[PDB]
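Here is run-v5.txt, consisting of compact mmCIF, C-alpha atoms and all ligand atoms:
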```txt
# COMPACT_ATOMS: atom_id res chain seq x y z
CA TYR N 1 94.88 103.45 130.31
CA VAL N 2 93.79 99.80 130.42
CA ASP N 3 95.43 96.90 132.26
CA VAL N 4 96.17 94.28 129.59
CA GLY N 5 97.86 91.80 131.92
CA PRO N 6 101.55 91.46 132.79
CA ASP N 7 104.53 91.87 130.48
CA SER N 8 106.24 88.69 129.36
CA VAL N 9 108.94 87.58 131.80
CA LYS N 10 110.89 85.81 129.06
CA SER N 11 114.43 87.06 128.44
CA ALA N 12 114.46 86.08 124.76
CA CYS N 13 112.10 85.59 121.84
CA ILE N 14 111.45 82.43 119.85
CA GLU N 15 113.70 82.31 116.79
CA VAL N 16 111.92 82.99 113.52
CA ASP N 17 112.79 81.43 110.16
CA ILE N 18 111.63 83.49 107.18
CA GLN N 19 111.33 81.43 103.99
CA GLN N 20 109.14 83.35 101.54
CA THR N 21 109.55 80.79 98.73
CA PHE N 22 107.59 78.21 100.75
CA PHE N 23 104.66 80.64 100.90
CA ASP N 24 104.71 81.61 97.23
CA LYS N 25 101.77 79.61 95.93
CA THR N 26 99.19 80.19 93.22
CA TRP N 27 95.80 79.39 94.74
CA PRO N 28 93.53 81.87 92.95
CA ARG N 29 90.24 82.84 94.60
CA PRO N 30 89.25 86.03 92.75
CA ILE N 31 86.29 88.19 93.68
CA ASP N 32 83.11 86.98 92.01
CA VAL N 33 80.42 89.53 92.78
CA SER N 34 77.84 87.34 91.01
CA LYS N 35 78.02 85.23 94.17
CA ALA N 36 78.21 88.35 96.35
CA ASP N 37 81.89 87.88 97.28
CA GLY N 38 83.21 90.65 99.52
CA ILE N 39 79.96 92.53 100.07
CA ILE N 40 79.50 94.79 103.07
CA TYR N 41 75.75 95.15 103.54
CA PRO N 42 74.37 98.69 103.12
CA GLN N 43 72.89 98.80 106.64
CA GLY N 44 70.38 101.53 107.46
CA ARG N 45 67.30 100.72 105.41
CA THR N 46 64.97 97.80 104.82
CA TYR N 47 65.51 96.11 101.45
CA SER N 48 63.56 93.06 100.33
CA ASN N 49 62.94 91.43 96.95
CA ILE N 50 64.42 94.33 95.02
CA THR N 51 67.30 95.28 92.72
CA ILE N 52 69.03 98.65 93.15
CA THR N 53 72.16 100.48 92.07
CA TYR N 54 74.17 101.57 95.08
CA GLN N 55 77.48 103.38 95.47
CA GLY N 56 79.62 102.16 98.33
CA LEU N 57 82.89 100.53 99.30
CA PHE N 58 83.37 97.32 97.32
CA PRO N 59 86.19 95.17 95.96
CA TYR N 60 86.34 94.96 92.18
CA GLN N 61 85.11 92.04 90.11
CA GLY N 62 87.88 89.54 89.41
CA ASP N 63 90.34 91.00 91.92
CA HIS N 64 92.72 88.25 92.98
CA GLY N 65 93.67 90.22 96.08
CA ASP N 66 96.69 89.39 98.22
CA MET N 67 97.03 85.83 99.51
CA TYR N 68 98.48 85.02 102.93
CA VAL N 69 99.34 81.63 104.44
CA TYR N 70 100.32 80.57 107.96
CA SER N 71 102.45 77.48 108.57
CA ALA N 72 103.38 74.91 111.18
CA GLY N 73 106.82 75.68 112.61
CA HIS N 74 110.02 73.68 112.56
CA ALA N 75 109.90 70.64 114.82
CA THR N 76 111.55 67.40 115.71
CA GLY N 77 109.38 64.42 116.57
CA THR N 78 109.03 65.72 120.12
CA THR N 79 109.93 69.39 120.24
CA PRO N 80 108.76 72.52 118.42
CA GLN N 81 111.71 74.59 117.24
CA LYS N 82 112.03 77.75 115.11
CA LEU N 83 108.88 79.44 113.87
CA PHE N 84 108.34 79.25 110.11
CA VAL N 85 106.90 82.33 108.42
CA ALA N 86 106.62 84.37 105.24
CA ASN N 87 108.08 87.88 104.87
CA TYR N 88 104.78 89.59 105.77
CA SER N 89 106.03 91.83 108.60
CA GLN N 90 108.24 93.91 106.29
CA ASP N 91 105.47 94.27 103.70
CA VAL N 92 103.65 97.37 104.92
CA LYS N 93 100.59 98.24 102.83
CA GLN N 94 98.57 101.43 102.41
CA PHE N 95 95.22 101.20 104.22
CA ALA N 96 93.41 103.60 101.87
CA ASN N 97 89.68 102.86 102.25
CA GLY N 98 90.18 99.59 104.08
CA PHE N 99 89.73 96.01 102.97
CA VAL N 100 87.74 92.78 103.06
CA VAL N 101 89.09 89.29 103.77
CA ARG N 102 88.03 85.84 102.56
CA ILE N 103 88.72 83.43 105.43
CA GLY N 104 88.79 79.64 105.49
CA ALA N 105 87.76 79.08 101.87
CA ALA N 106 89.82 75.90 101.40
CA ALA N 107 88.80 74.34 104.73
CA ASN N 108 88.08 70.57 104.46
CA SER N 109 90.06 70.11 101.25
CA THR N 110 93.46 68.40 101.14
CA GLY N 111 96.58 70.55 101.03
CA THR N 112 100.30 70.78 101.74
CA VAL N 113 101.51 71.54 105.31
CA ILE N 114 103.80 74.26 103.86
CA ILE N 115 106.97 73.61 105.86
CA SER N 116 106.96 70.05 104.51
CA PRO N 117 105.68 70.31 100.90
CA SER N 118 105.62 66.53 100.37
CA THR N 119 103.27 66.13 103.34
CA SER N 120 99.54 66.62 102.84
CA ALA N 121 96.80 67.12 105.41
CA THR N 122 93.18 68.20 105.70
CA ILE N 123 92.98 71.98 105.57
CA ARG N 124 91.58 73.80 108.60
CA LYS N 125 90.39 77.40 108.79
CA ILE N 126 92.76 79.84 110.46
CA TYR N 127 92.06 83.46 111.38
CA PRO N 128 94.20 86.36 110.10
CA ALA N 129 95.94 88.92 112.32
CA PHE N 130 96.59 92.54 111.44
CA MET N 131 98.70 95.45 112.62
CA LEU N 132 97.37 98.91 111.63
CA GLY N 133 98.52 102.44 112.31
CA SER N 134 99.35 105.99 111.34
CA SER N 135 103.14 105.98 111.32
CA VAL N 136 105.67 103.36 110.25
CA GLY N 137 109.40 102.91 109.83
CA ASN N 138 112.27 100.55 110.56
CA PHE N 139 113.42 98.63 113.61
CA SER N 140 116.86 99.24 115.14
CA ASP N 141 118.63 96.74 112.86
CA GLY N 142 117.13 98.43 109.81
CA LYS N 143 114.33 95.98 108.99
CA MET N 144 110.96 97.37 107.92
CA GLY N 145 107.62 96.85 109.63
CA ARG N 146 107.80 98.95 112.79
CA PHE N 147 104.63 100.79 113.78
CA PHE N 148 105.08 103.96 115.83
CA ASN N 149 102.83 105.60 118.44
CA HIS N 150 99.45 103.99 119.08
CA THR N 151 98.92 100.91 116.97
CA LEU N 152 95.78 98.86 116.42
CA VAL N 153 96.31 95.12 116.67
CA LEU N 154 93.69 92.55 115.66
CA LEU N 155 94.79 89.19 117.03
CA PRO N 156 92.74 85.99 117.13
CA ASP N 157 93.27 83.66 120.09
CA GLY N 158 92.11 80.59 121.95
CA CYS N 159 92.55 78.24 119.00
CA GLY N 160 90.20 80.36 116.91
CA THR N 161 87.59 81.03 119.59
CA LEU N 162 88.11 84.75 120.10
CA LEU N 163 89.30 87.94 118.45
CA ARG N 164 91.21 90.51 120.48
CA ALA N 165 91.32 94.12 119.35
CA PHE N 166 93.67 96.46 121.17
CA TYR N 167 95.19 99.90 120.71
CA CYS N 168 98.60 100.39 122.32
CA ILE N 169 102.09 101.72 121.91
CA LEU N 170 104.25 98.76 120.90
CA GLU N 171 107.62 98.90 122.63
CA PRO N 172 110.02 96.52 120.89
CA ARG N 173 111.73 94.20 123.38
CA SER N 174 115.48 93.65 123.49
CA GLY N 175 116.12 89.95 124.12
CA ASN N 176 117.62 87.63 121.49
CA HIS N 177 115.44 87.45 118.35
CA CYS N 178 113.25 90.30 119.66
CA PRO N 179 112.80 93.44 117.50
CA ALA N 180 115.21 95.56 119.57
CA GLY N 181 117.54 92.65 120.24
CA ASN N 182 120.26 90.72 118.45
CA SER N 183 119.52 88.17 115.70
CA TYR N 184 116.17 89.74 114.81
CA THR N 185 114.55 88.43 111.63
CA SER N 186 110.81 89.02 112.02
CA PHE N 187 108.29 89.25 114.83
CA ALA N 188 105.41 86.78 114.78
CA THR N 189 102.75 85.23 116.92
CA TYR N 190 102.36 81.57 117.77
CA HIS N 191 100.42 79.04 119.74
CA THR N 192 101.31 75.52 120.83
CA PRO N 193 98.40 73.18 120.10
CA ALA N 194 99.54 70.32 122.38
CA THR N 195 99.24 72.57 125.45
CA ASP N 196 97.03 75.40 124.20
CA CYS N 197 94.24 73.57 122.41
CA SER N 198 93.41 70.59 124.60
CA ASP N 199 89.72 69.74 124.91
CA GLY N 200 87.82 71.96 127.33
CA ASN N 201 90.83 74.10 128.22
CA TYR N 202 91.79 76.30 125.27
CA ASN N 203 94.45 78.89 126.14
CA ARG N 204 92.70 82.19 125.44
CA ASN N 205 95.95 84.14 125.80
CA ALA N 206 98.41 82.00 123.80
CA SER N 207 98.78 84.32 120.80
CA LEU N 208 98.63 87.42 122.99
CA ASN N 209 101.43 86.01 125.17
CA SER N 210 103.53 85.25 122.10
CA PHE N 211 102.98 88.82 120.88
CA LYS N 212 103.97 90.17 124.32
CA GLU N 213 107.28 88.36 123.91
CA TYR N 214 108.21 90.61 120.95
CA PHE N 215 106.56 93.82 122.22
CA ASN N 216 105.69 95.38 125.56
CA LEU N 217 102.19 96.83 125.35
CA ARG N 218 102.11 100.38 126.68
CA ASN N 219 99.34 102.92 127.31
CA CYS N 220 96.56 100.78 125.86
CA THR N 221 93.36 102.77 125.46
CA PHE N 222 91.30 99.63 124.97
CA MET N 223 91.42 95.86 124.70
CA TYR N 224 88.18 94.24 123.52
CA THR N 225 87.41 90.56 123.00
CA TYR N 226 84.83 88.99 120.69
CA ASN N 227 83.90 85.34 121.16
CA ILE N 228 83.86 83.05 118.12
CA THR N 229 82.08 79.72 117.80
CA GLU N 230 84.37 76.95 116.53
CA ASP N 231 83.57 75.71 113.01
CA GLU N 232 85.14 75.26 109.56
CA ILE N 233 82.70 77.58 107.79
CA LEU N 234 83.89 80.10 105.17
CA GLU N 235 83.64 83.67 106.38
CA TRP N 236 84.26 87.28 105.43
CA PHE N 237 85.82 90.01 107.56
CA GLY N 238 85.97 93.72 106.73
CA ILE N 239 87.53 96.90 108.06
CA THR N 240 86.96 100.57 107.30
CA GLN N 241 87.42 103.89 109.09
CA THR N 242 85.48 107.12 109.45
CA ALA N 243 85.67 110.08 111.82
CA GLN N 244 83.65 107.89 114.19
CA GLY N 245 86.53 105.42 114.42
CA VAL N 246 87.54 102.05 113.00
CA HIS N 247 84.67 99.80 111.91
CA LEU N 248 84.90 96.02 111.98
CA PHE N 249 82.62 93.83 109.85
CA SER N 250 81.91 90.10 109.80
CA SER N 251 79.55 87.65 108.16
CA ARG N 252 79.58 85.49 111.31
CA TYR N 253 76.82 86.95 113.45
CA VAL N 254 74.23 88.01 110.86
CA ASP N 255 74.91 85.90 107.74
CA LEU N 256 77.08 82.96 108.79
CA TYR N 257 75.94 80.73 105.94
CA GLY N 258 75.74 83.39 103.22
CA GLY N 259 78.72 85.70 103.65
CA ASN N 260 77.20 89.21 103.74
CA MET N 261 79.23 91.43 106.10
CA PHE N 262 77.65 93.43 108.90
CA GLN N 263 79.26 95.81 111.38
CA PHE N 264 80.02 94.31 114.79
CA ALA N 265 82.24 96.99 116.31
CA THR N 266 83.37 100.59 116.22
CA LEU N 267 86.77 101.09 117.83
CA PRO N 268 87.68 104.48 119.32
CA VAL N 269 90.61 104.95 116.99
CA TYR N 270 90.43 108.49 115.66
CA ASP N 271 93.98 108.92 114.38
CA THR N 272 93.79 108.12 110.68
CA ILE N 273 94.95 104.61 109.84
CA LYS N 274 97.32 104.89 106.88
CA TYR N 275 99.20 101.61 107.07
CA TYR N 276 98.72 97.94 107.81
CA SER N 277 100.59 94.67 107.77
CA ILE N 278 99.63 91.03 108.20
CA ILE N 279 101.10 89.58 111.38
CA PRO N 280 102.60 86.19 110.61
CA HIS N 281 101.45 83.35 112.83
CA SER N 282 103.31 80.05 113.14
CA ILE N 283 101.81 76.97 114.75
CA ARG N 284 104.19 75.30 117.20
CA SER N 285 103.08 71.75 116.48
CA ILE N 286 105.25 68.66 116.65
CA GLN N 287 105.90 66.81 113.39
CA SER N 288 103.12 64.24 113.88
CA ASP N 289 100.57 66.96 114.70
CA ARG N 290 101.17 69.09 111.59
CA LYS N 291 98.12 70.44 109.81
CA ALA N 292 97.46 72.59 106.76
CA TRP N 293 95.93 76.00 107.44
CA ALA N 294 93.61 77.72 104.95
CA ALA N 295 95.07 80.66 103.09
CA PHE N 296 93.21 83.92 103.51
CA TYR N 297 92.79 86.67 100.94
CA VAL N 298 92.75 90.46 101.34
CA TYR N 299 90.97 92.66 98.77
CA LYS N 300 91.15 96.47 98.84
CA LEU N 301 87.91 98.45 98.97
CA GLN N 302 87.01 101.41 96.77
CA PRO N 303 83.92 103.52 96.05
CA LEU N 304 82.06 101.77 93.25
CA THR N 305 78.49 101.60 92.03
CA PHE N 306 77.12 98.06 92.12
CA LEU N 307 73.86 96.53 91.10
CA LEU N 308 72.68 94.81 94.28
CA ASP N 309 70.05 92.07 94.16
CA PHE N 310 68.25 91.74 97.51
CA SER N 311 66.33 88.53 98.13
CA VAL N 312 62.97 88.37 99.93
CA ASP N 313 64.74 87.70 103.23
CA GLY N 314 66.87 90.81 102.74
CA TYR N 315 70.24 89.28 101.90
CA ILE N 316 72.38 90.01 98.84
CA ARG N 317 73.11 86.87 96.81
CA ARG N 318 74.00 88.56 93.52
CA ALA N 319 75.72 91.77 92.49
CA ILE N 320 77.18 93.39 89.38
CA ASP N 321 80.31 95.53 89.30
CA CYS N 322 78.93 98.10 86.88
CA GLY N 323 82.28 99.53 85.79
CA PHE N 324 83.78 96.12 85.07
CA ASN N 325 82.86 96.40 81.38
CA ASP N 326 80.29 97.84 78.95
CA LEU N 327 78.10 94.74 79.23
CA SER N 328 77.96 95.02 83.02
CA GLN N 329 77.31 98.76 82.60
CA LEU N 330 74.37 98.04 80.32
CA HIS N 331 73.00 95.49 82.75
CA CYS N 332 73.23 97.98 85.63
CA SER N 333 71.38 100.60 83.61
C1 LIG O 1 94.87 87.32 129.36
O1 LIG O 1 94.47 88.41 128.60
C2 LIG O 1 93.50 89.22 129.27
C3 LIG O 1 92.99 90.22 128.27
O2 LIG O 1 92.06 89.62 127.37
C4 LIG O 1 94.13 89.86 130.50
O3 LIG O 1 93.06 90.51 131.18
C5 LIG O 1 93.45 91.51 132.13
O4 LIG O 1 93.70 90.89 133.37
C6 LIG O 1 94.05 91.80 134.41
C7 LIG O 1 94.45 90.97 135.61
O5 LIG O 1 95.61 90.19 135.32
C8 LIG O 1 92.87 92.72 134.69
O6 LIG O 1 93.24 93.67 135.68
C9 LIG O 1 92.46 93.44 133.42
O7 LIG O 1 91.23 94.13 133.64
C10 LIG O 1 92.26 92.46 132.25
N1 LIG O 1 92.07 93.19 131.01
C11 LIG O 1 91.11 92.91 130.13
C12 LIG O 1 91.06 93.78 128.91
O8 LIG O 1 90.31 92.00 130.31
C13 LIG O 1 94.76 88.80 131.40
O9 LIG O 1 95.60 89.41 132.38
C14 LIG O 1 95.62 87.81 130.60
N2 LIG O 1 96.01 86.69 131.44
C15 LIG O 1 97.28 86.37 131.69
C16 LIG O 1 97.50 85.19 132.58
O10 LIG O 1 98.22 87.01 131.22
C1 LIG O 2 83.65 72.06 106.00
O1 LIG O 2 82.76 71.05 106.43
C2 LIG O 2 81.89 71.48 107.48
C3 LIG O 2 81.13 70.26 107.96
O2 LIG O 2 80.28 69.73 106.95
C4 LIG O 2 80.98 72.58 106.96
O3 LIG O 2 80.20 73.04 108.06
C5 LIG O 2 78.83 73.16 107.68
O4 LIG O 2 78.61 74.34 106.93
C6 LIG O 2 77.25 74.51 106.49
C7 LIG O 2 77.22 75.80 105.69
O5 LIG O 2 78.13 75.75 104.60
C8 LIG O 2 76.30 74.55 107.69
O6 LIG O 2 74.96 74.53 107.21
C9 LIG O 2 76.52 73.35 108.60
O7 LIG O 2 75.78 73.52 109.80
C10 LIG O 2 78.00 73.20 108.95
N1 LIG O 2 78.22 72.02 109.76
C11 LIG O 2 78.96 72.01 110.87
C12 LIG O 2 79.07 70.70 111.58
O8 LIG O 2 79.52 73.02 111.29
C13 LIG O 2 81.82 73.73 106.40
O9 LIG O 2 80.98 74.67 105.73
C14 LIG O 2 82.86 73.23 105.40
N2 LIG O 2 83.75 74.32 105.02
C15 LIG O 2 84.01 74.65 103.74
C16 LIG O 2 84.95 75.79 103.55
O10 LIG O 2 83.51 74.05 102.80
```

Could you show the structure in this file as structure tokens?
Amino acid sequence: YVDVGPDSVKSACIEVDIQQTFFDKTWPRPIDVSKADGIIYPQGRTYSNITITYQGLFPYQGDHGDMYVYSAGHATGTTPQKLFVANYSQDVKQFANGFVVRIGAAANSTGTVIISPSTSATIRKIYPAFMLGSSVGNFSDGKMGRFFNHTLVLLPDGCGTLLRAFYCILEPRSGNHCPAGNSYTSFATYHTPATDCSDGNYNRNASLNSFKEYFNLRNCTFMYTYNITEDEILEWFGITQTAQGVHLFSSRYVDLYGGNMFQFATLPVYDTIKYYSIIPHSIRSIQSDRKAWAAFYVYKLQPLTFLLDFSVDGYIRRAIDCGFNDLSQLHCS
């Protein structure tokens, strides 16, 4: 097994305030395949200046997906206090064929800081975190969201400059507010921008450390890191699984400005992923440092036949979901 660094030496966890009503917003960003939203590129052949019909894993036209939002935590003028999160940890979803994720879409626009609805701020991109596995159930106090045996965790870190992917048994810790302790509400991750995101010295383990407060990582078969360049550009992330393992997709490395997703990793996870949840993150800012963080959107994948329009340079800038209606069907034919 892999050394993933020391266990947390903390005797308690940070208290977590779950307030789902603050995260219930209607900010629709439905799939528009005309603009090639949510498209994993059919890698393997050379396509250029051509229109084809292709059956693969796609989200459906007009799917609103599931929206998730991360918020600044409670704070006084000087001191971060309780984390502030939605009820995401108890909402375990079926993995099925996997999913794609629209990330950072609202970046640059003006939006509410969530925990203080009357306060607006410029929206910044934030990366999603996921917990995935083969077996789920409840924690000791009865709350849902516990993943058993080896669990895949995808956790961004370093103020959005890396992604960590690791596959470990998650042993719930027993201090106050921890998942095997008293006064448990939800687990979460956090970082503390004042100390973790100072210029030139980003803390590349902040979120991982926060996670290690709620769970001891045991028998990790791997822990990989992927560096990310800092920007506010819209991006797409995807995840699927085959007998070869778990496949991660991103628009970042191959189509940063266009959004087409290409595979960047295959993780040696051969036990079938059946379940996932979104890991809530809360940003331990002080009141005067509060920002708004871009909602992200998760859309389930399914086998569908699309018309794909490949440009001269090889990218897909237009698609049709053939089964959407008879008109689309006709156009595909
Ligand atoms: C920060 O996280 C990294 C993982 O990204 C930890 O890296 C491990 O560090 C130990 C030494 O402490 C090495 O023996 C392992 O080989 C490292 N693992 C990997 C996957 O790189 C690191 O320990 C963490 N740092 C702190 C201070 O906790
Ligand atoms: C937010 O604004 C930034 C800055 O203008 C945008 O970043 C640019 O994105 C375009 C592609 O859309 C690139 O060609 C530029 O090189 C980027 N500039 C920098 C300085 O990174 C960003 O796209 C905007 N985000 C959203 C969601 O609109």

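The shortest atom-to-atom distance to ligand LIG 2 (chain O), with all atoms listed in the file taken into account, belongs to N:233 out of N:217, N:57, N:233, N:100.
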
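All residues, whether protein, DNA or RNA, that have an atom at most 9 Å from ligand LIG 1 (chain O) (counting all atoms listed in the file) are residues 2, 3, 4, 5, 6, 7, 8, 164, 166, 204, 205, 206, 208, 209, 222, 223, 224 and 225 of chain N.
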
Contacts with ligand LIG 2 (chain O) at most 12 Å, all atoms listed in the file counted, listed as a PyMOL selection string: chain N and resi 102-110+122-126+229-236+252+255-259+293-296

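Between residue 250 in chain N and the candidates N:85, N:40, N:129, N:72, the tightest atom-to-atom separation, counting all atoms listed in the file, involves N:40.
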
Nearest-residue call for residue 227 in chain N, choices N:63, N:196, N:157, N:321, using only C-alpha atoms: N:157

Identify, on the basis of all atoms listed in the file, every residue whose closest approach to residue 132 in chain N does not exceed 7 Å; exclude the query and any residue fewer than 4 positions from it along the same chain; express the result as an MDAnalysis selection string. chainID N and resid 151:153 273 275:277

So, with all atoms listed in the file as the atoms that count, which of N:95, N:88, N:264, N:58 lies closest to residue 145 in chain N? N:88

Using only C-alpha atoms, which residues sit within 12 Å of range 325-330 of chain N once same-chain residues fewer than 2 positions away are excluded, as a ChimeraX atom specification? /N:33-34,53,60-62,305-307,319-323,332-333

Looking at N:136, N:188, N:286, N:194, which one is nearest to residue 274 in chain N, with distances taken over only C-alpha atoms? N:136

Name the closest residue to residue 155 in chain N among the candidates N:185, N:49, N:207, N:219; distances are taken between atoms, counting all atoms listed in the file. N:207

May I have the protein, DNA and RNA residues with an atom at most 10 Å from (110.5, 79.0, 101.7), counting all atoms listed in the file in the file's coordinates, returned as a list in words? residues 17, 18, 19, 20, 21, 22, 23, 24, 84, 85, 86, 87, 114, 115 and 117 of chain N

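Atom pair CA of residue 92 in chain N / CA of residue 278 in chain N has a distance of 8.2 Å (rounded to one decimal).
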
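The space between CA of residue 66 in chain N and CA of residue 249 in chain N spans 18.8 Å.
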
Could you check how far CA of residue 189 in chain N sits from CA of residue 280 in chain N, in Å to one decimal? 6.4 Å

Residue neighbourhood residue 285 in chain N, 8 Å, only C-alpha atoms, exclusion window fewer than 2 positions, as a PyMOL selection string: chain N and resi 72-73+75+80+192-194+283+287-290

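For the point (63.2, 89.5, 99.0), the residues with an atom at a distance of at most 7 Å are residues 48, 49, 50, 310, 311, 312, 313 and 314 of chain N, counting only C-alpha atoms.
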
Do a neighbour search on residue 176 in chain N at 6 Å with all atoms listed in the file, toss out local chain neighbours closer than 2 positions, and write the hits as a PyMOL selection string. chain N and resi 12-13+178+181-182
